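Enquirer: A single structure is presented below for examination.
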Amino acid sequence: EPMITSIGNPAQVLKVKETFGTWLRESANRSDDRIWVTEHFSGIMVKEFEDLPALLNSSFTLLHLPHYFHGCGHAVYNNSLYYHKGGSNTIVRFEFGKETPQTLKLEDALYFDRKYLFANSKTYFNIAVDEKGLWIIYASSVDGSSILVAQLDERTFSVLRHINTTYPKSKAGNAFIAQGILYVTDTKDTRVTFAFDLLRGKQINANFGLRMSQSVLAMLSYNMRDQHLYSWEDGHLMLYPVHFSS
Ligand code: NA
């Protein structure tokens with residue numbers, strides 16, 4: 001059971017003007033160099049870059065999505081974009097290059113009226129993929145607070161388990177998932193201060209630094225392919241190395 005015990009210094013890949021956005025790469029065992037970007041809290045377009053030099057030179061192809069996205073909690077896995085359909089409790093899986101979009105409903109989830117999972121990034125849902133599964137982090141519309149995690153079946157894009165962490169969303173700045181462990185940041189998004197073992201269904205101790213900057217953190221996402229954290233911090237696109245104890 002490998003645990004993160006510290007985070008290394010960030011490497012900045014690009015500075016853009018936009019406060020909020022995402023930048024994402026493939027994590028499946030698919031040596032794909034493409035980068036996908038969204039800008040702002042909502043929209044219908046994704047920018048596809050062929051590789052990092054393309055991103056550095058603002059050379060993209062615009063992809064029109066079948067449904068508007070909201071927030072900065074998306075993920076790419078197996079040539080597909082997973083994202084929150086704005087104004088609904090629907091999550092979309094949009095497969096690139098063929099458009100076979102699938103959807104699923106999270107009936108018990110907050111999704112509008114600024115009752116955010118992560119207020120700092122105006123995000124209601126955070127899709128995350130890692131070594132142990134495909135996950136969706138969200139907050140309960142039953143109590144308006146508790147952070148829940150759905151574990152998905154990849155083939156059918158359906159929810160197998162709902163996992164209640166019992167952690168209040170008011171205490172969470174953002175989060176990521178690595179080796180089956182949910183790591184949650186403080187409200188200032190400077191330290192990881194809470195963790196939860198998603199397979200054993202139990203809290204586990206975690207307290208370590210993420211970063212020194214308190215600039216607005218829009219996106220925080222683990223990639224199992226290179227074991228780095230990807231972030232968007234007030235227009236600064238960063239990569240952090242991660243240190244596992246095992
Ligand atoms: Na996140």
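Identifiers in the structure tokens: chain A, B, ... in order shown; residue index from 1 per chain; ligand index from 1 in order shown.
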Wanna dump the chain A-ligand 1 contacts at 7 Å for me, each residue with its shortest atom pair and the distance in Å to one decimal, counting only C-alpha atoms and all ligand atoms, ordered by chain and number, as CSV?
Expert:
residue,atom,partner,partner_atom_place_in_ligand_line,distance
A:73,CA,ligand 1,1 (Na),6.0
A:126,CA,ligand 1,1 (Na),5.9
A:174,CA,ligand 1,1 (Na),5.2
A:175,CA,ligand 1,1 (Na),4.2
A:176,CA,ligand 1,1 (Na),4.8
A:219,CA,ligand 1,1 (Na),5.5
A:220,CA,ligand 1,1 (Na),3.9
A:221,CA,ligand 1,1 (Na),5.0
Enquirer: Can you list, as an MDAnalysis selection string, every protein, DNA or RNA residue that comes within 10 Å of residue 139 of chain A when you count only C-alpha atoms, leaving out same-chain residues fewer than 2 positions away?
Expert: chainID A and resid 108:111 115:118 124:125 137 141:149 164 166:169
Enquirer: Distance atom CA of residue 14 of chain A-atom CA of residue 52 of chain A, one decimal place?
Expert: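 Going from atom CA of residue 14 of chain A over to atom CA of residue 52 of chain A covers 9.6 Å.
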Enquirer: Which residue, A:123, A:231, A:88, A:156, has the smallest gap to residue 101 of chain A when you use only C-alpha atoms?
Expert: A:156
Enquirer: Go through segment 108-165 of chain A residue by residue and, counting only C-alpha atoms, keep those with an atom at most 12 Å from segment 75-79 of chain A; for each kept residue give the shortest atom pair and its distance in Å to one decimal, ordered by chain and increasing number, as JSON lines.
Expert:
{"residue": "A:125", "atom": "CA", "partner": "A:75", "partner_atom": "CA", "distance": 10.8}
{"residue": "A:126", "atom": "CA", "partner": "A:75", "partner_atom": "CA", "distance": 8.0}
{"residue": "A:127", "atom": "CA", "partner": "A:75", "partner_atom": "CA", "distance": 5.7}
{"residue": "A:128", "atom": "CA", "partner": "A:75", "partner_atom": "CA", "distance": 5.9}
{"residue": "A:129", "atom": "CA", "partner": "A:77", "partner_atom": "CA", "distance": 7.1}
{"residue": "A:130", "atom": "CA", "partner": "A:77", "partner_atom": "CA", "distance": 9.5}
{"residue": "A:131", "atom": "CA", "partner": "A:77", "partner_atom": "CA", "distance": 11.7}
{"residue": "A:133", "atom": "CA", "partner": "A:77", "partner_atom": "CA", "distance": 11.0}
{"residue": "A:134", "atom": "CA", "partner": "A:77", "partner_atom": "CA", "distance": 8.9}
{"residue": "A:135", "atom": "CA", "partner": "A:75", "partner_atom": "CA", "distance": 9.9}
{"residue": "A:136", "atom": "CA", "partner": "A:75", "partner_atom": "CA", "distance": 9.9}
{"residue": "A:137", "atom": "CA", "partner": "A:75", "partner_atom": "CA", "distance": 11.8}
{"residue": "A:154", "atom": "CA", "partner": "A:78", "partner_atom": "CA", "distance": 9.9}
{"residue": "A:155", "atom": "CA", "partner": "A:78", "partner_atom": "CA", "distance": 11.0}
Enquirer: Considering only C-alpha atoms, give me a table of residues in segment 152-237 of chain A that are at most 9 Å from segment 102-106 of chain A, with the closest atom pair and distance in Å for each, as JSON lines.
Expert:
{"residue": "A:156", "atom": "CA", "partner": "A:102", "partner_atom": "CA", "distance": 8.8}
{"residue": "A:157", "atom": "CA", "partner": "A:104", "partner_atom": "CA", "distance": 6.9}
{"residue": "A:158", "atom": "CA", "partner": "A:104", "partner_atom": "CA", "distance": 6.5}
{"residue": "A:159", "atom": "CA", "partner": "A:104", "partner_atom": "CA", "distance": 8.1}
Enquirer: Keeping N, CA, C and O atoms for every residue in the selection just given, could you write it to a file as a tab-separated table (two decimals), in the first residue's frame?
Expert:
chain	number	residue	atom	x	y	z
A	156	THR	N	-19.01	0.00	-19.13
A	156	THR	CA	-20.41	0.44	-19.23
A	156	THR	C	-20.63	1.88	-18.78
A	156	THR	O	-21.72	2.42	-18.96
A	157	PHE	N	-19.60	2.50	-18.21
A	157	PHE	CA	-19.71	3.85	-17.66
A	157	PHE	C	-20.89	3.92	-16.70
A	157	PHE	O	-21.80	4.74	-16.87
A	158	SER	N	-20.88	3.04	-15.70
A	158	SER	CA	-21.93	2.99	-14.69
A	158	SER	C	-21.32	2.96	-13.30
A	158	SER	O	-20.15	2.60	-13.14
A	159	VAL	N	-22.11	3.34	-12.30
A	159	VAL	CA	-21.64	3.43	-10.92
A	159	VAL	C	-21.85	2.12	-10.18
A	159	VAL	O	-22.99	1.66	-10.04
Enquirer: So that I can see what lies close to segment 26-41 of chain A, please list as JSON, numbers by chain the residues with an atom at most 6 Å from it, counting only C-alpha atoms and leaving out residues fewer than 2 positions away in the same chain.
Expert: {"A": [20, 21, 22, 23, 24, 46, 47, 48, 49, 50, 51, 70, 71, 76, 77, 78, 223, 224, 225]}
Enquirer: List the neighbours of residue 68 of chain A out to 6 Å using only C-alpha atoms; skip same-chain residues closer than 3 positions along the sequence, and give me the result as a list in words.
Expert: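 Here the answer would be residues 43, 44, 85 and 86 of chain A.
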Enquirer: Write the residues of the preceding selection, restricted to N, CA, C and O atoms, as a PDB file, in the first residue's frame.
Expert:
ATOM      1  N   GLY A  43     -18.366  26.247 -20.966  1.00  0.00           N
ATOM      2  CA  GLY A  43     -18.182  26.372 -22.399  1.00  0.00           C
ATOM      3  C   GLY A  43     -18.564  25.098 -23.120  1.00  0.00           C
ATOM      4  O   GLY A  43     -19.036  24.151 -22.501  1.00  0.00           O
ATOM      5  N   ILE A  44     -18.353  25.082 -24.434  1.00  0.00           N
ATOM      6  CA  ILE A  44     -18.713  23.945 -25.278  1.00  0.00           C
ATOM      7  C   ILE A  44     -17.514  23.490 -26.129  1.00  0.00           C
ATOM      8  O   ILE A  44     -17.614  22.506 -26.866  1.00  0.00           O
ATOM      9  N   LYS A  85     -21.612  17.908 -17.144  1.00  0.00           N
ATOM     10  CA  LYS A  85     -22.538  18.674 -17.978  1.00  0.00           C
ATOM     11  C   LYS A  85     -23.190  19.775 -17.147  1.00  0.00           C
ATOM     12  O   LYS A  85     -23.944  19.501 -16.214  1.00  0.00           O
ATOM     13  N   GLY A  86     -22.912  21.024 -17.495  1.00  0.00           N
ATOM     14  CA  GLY A  86     -23.339  22.152 -16.686  1.00  0.00           C
ATOM     15  C   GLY A  86     -24.836  22.226 -16.468  1.00  0.00           C
ATOM     16  O   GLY A  86     -25.618  22.013 -17.396  1.00  0.00           O
TER      17      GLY A  86
END
Enquirer: Step one, run DSSP on the backbone; step two, keep only residues of segment 19-217 of chain A assigned to strand (DSSP E or B); then write them as JSON, numbers by chain.
Expert: {"A": [21, 22, 23, 24, 25, 35, 36, 37, 38, 39, 42, 43, 44, 45, 46, 47, 48, 49, 61, 62, 63, 64, 65, 66, 67, 68, 69, 70, 75, 76, 80, 81, 82, 83, 84, 85, 90, 91, 92, 93, 94, 95, 102, 103, 104, 105, 109, 118, 123, 126, 127, 128, 129, 130, 133, 134, 135, 136, 137, 138, 139, 140, 146, 147, 148, 149, 150, 151, 152, 153, 158, 159, 160, 161, 162, 163, 164, 165, 166, 167, 168, 175, 176, 177, 178, 181, 182, 183, 184, 185, 191, 192, 193, 194, 195, 196, 197, 202, 203, 204, 208, 209, 217]}
Enquirer: Can you work out the spacing between atom CA of residue 240 of chain A and atom CA of residue 227 of chain A in Å, to one decimal?
Expert: 8.9 Å
Enquirer: Output as a ChimeraX atom specification all residues of segment 1-244 of chain A that backbone DSSP marks as helix (DSSP H, G or I).
Expert: /A:52-56,119-121,169-171
Enquirer: Closest to residue 202 of chain A among A:91, A:113, A:181, A:1, using only C-alpha atoms?
Expert: A:181
Enquirer: Considering only C-alpha atoms, can you say which of A:58, A:179, A:165, A:120 comes closest to residue 215 of chain A?
Expert: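 For residue 215 of chain A, the nearest of the candidates is A:120.
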Enquirer: Report as a count of residues only all protein, DNA and RNA residues lying within 6 Å of residue 218 of chain A, evaluated on only C-alpha atoms, omitting residues in the same chain fewer than 3 positions from it.
Expert: 4
Enquirer: Just how far from atom CA of residue 170 of chain A is atom CA of residue 197 of chain A, in Å to one decimal?
Expert: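 Atom-to-atom, atom CA of residue 197 of chain A to atom CA of residue 170 of chain A, that is 20.1 Å.
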